[PDB]
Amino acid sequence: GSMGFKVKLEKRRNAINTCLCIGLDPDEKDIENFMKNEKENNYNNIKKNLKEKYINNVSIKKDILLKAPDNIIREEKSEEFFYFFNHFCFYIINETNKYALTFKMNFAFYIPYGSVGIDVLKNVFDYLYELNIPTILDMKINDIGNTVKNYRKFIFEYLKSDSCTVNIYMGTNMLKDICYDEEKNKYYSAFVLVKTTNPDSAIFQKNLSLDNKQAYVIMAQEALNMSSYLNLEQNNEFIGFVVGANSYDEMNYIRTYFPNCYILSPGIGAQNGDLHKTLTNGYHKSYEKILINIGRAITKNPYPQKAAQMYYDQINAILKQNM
C-alpha cells in the first residue's frame, strides 16, 4: 500500500473497469438477521470467512473472531455481538469486493453500541487494507484545526483509510489539519460536501449565494483552491466533491465547471436516485472520477454478491454508452 489514493484508484479502475463504490453501513437489524440466518444454516458464511487468509491479519480480538461459531454462542456469550457484527462485514466484503472500485464505511453505523463497533470498524479497515481495496471513511467531519487533527489520526493512522468525507461549512482552513500532517509530511485525500441527497438540501446549499453563485459552487471552488495550496495532486492525493445522485442539475454544473474533479455520488438504490442521469451528468473518461455509492441496495439484499453484480453490470452498460 505504498501509493497515493489518486494512483491506487486509477490502477483498480483499470483492473476491474467500474466506478461502483460499495457502502458498508450495517444496522442493528442487518446484524441480527445475519446471526439468525447463520444459525439456521450451519454458519456456512462464517466458515467461509474463516477460510480467507487475511482474516489472520486483523488487529483486534482475533482469538474471538477465529473461534468456531458454535463455540462463541456456547462459551462466549458476551463476545457474540462483536463476533456476528464483525463476521457480517467480512461476509459482505468477501461476497462483493471483486465488483468494488472502493468501499465506503459510514462511521455512524459503528458507534451506537459504544466501543464494540469501533473494534469491528478497525478490523474492517485492516481487512480491506490487506486486500488492497481503496477505502473511504464517511464521517462528514468538521471542527477547528486543533480538534480535527484527532480525526486525521483516527482515520489516516489508526484505520489507515485512503480518504474521508468532510463538511467545510466552518471553513476550508480545517483541511490543513485533515489532508496534511505537518509533523510527518504526509498528505491525504478527502471528499467535501457540495450537494447532498437529503430532501431539503437546497435550503443552504442552493439558497445561500455570493454575488451570482450558489453556496455549493463557492464551496467547491474554495475546496479546490485549498487543494492547490496544499499541493495534493503533486502528492497523488486530492480533494473531491460529494454530489448526490439525485441532484442532476448540480452534477452537470460541477462536471462542466470543474472538468477534472473527483466526485463521490451517494443516493442510488435506497434513496431512489436515477443511475442513468447521474452517471451521464458526472461522467469522466477516467471514471474513478465519478464514484457511484450503493449501500443498502447491496447490503440489505439476501444475495449481496448478486446485487453487487447487478449494479456493476448496470453501471458498466451506462459507462459503455458514454463510451
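Throughout, rigid core stands for the largest set of C-alpha atoms superposing within 1.5 Å between the two forms. All residue numbers are counted from 1 along the displayed sequence.
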Core-aligned, RMS over all structures and residues: is 34 to 42 or 283 to 291 the stretch with the greater C-alpha displacement in 9 other deposited structures of this protein?
283 to 291
Should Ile73 be counted as unmodelled in at least a third of the other PDB entries compared?
yes
Can you tell me whether 51 to 59 has a higher mean C-alpha B factor than 286 to 294 in this record, or the other way round?
51 to 59
Looking at the entry, does 224 to 232 or 201 to 209 show the higher mean C-alpha B-factor?
224 to 232
Identify, among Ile46, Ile254, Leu65, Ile31, the residue whose C-alpha carries the highest B-factor in the deposited PDB entry.
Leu65
If you check the C-alpha B-factor for each of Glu182, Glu95, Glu157, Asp162 in the entry, which is highest?
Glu182
The third of the chain into which the C-alpha temperature factor of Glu75 falls is the highest
Chain third (lowest, middle, highest) by recorded CA B-factor, residue given as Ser265
lowest
Among the modelled residues of this chain, does the Cα B factor of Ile16 put it in the lowest, middle or highest third?
highest
Lowest, middle or highest third: which one holds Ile22 when the chain's residues are ordered by CA B-factor from the entry?
lowest
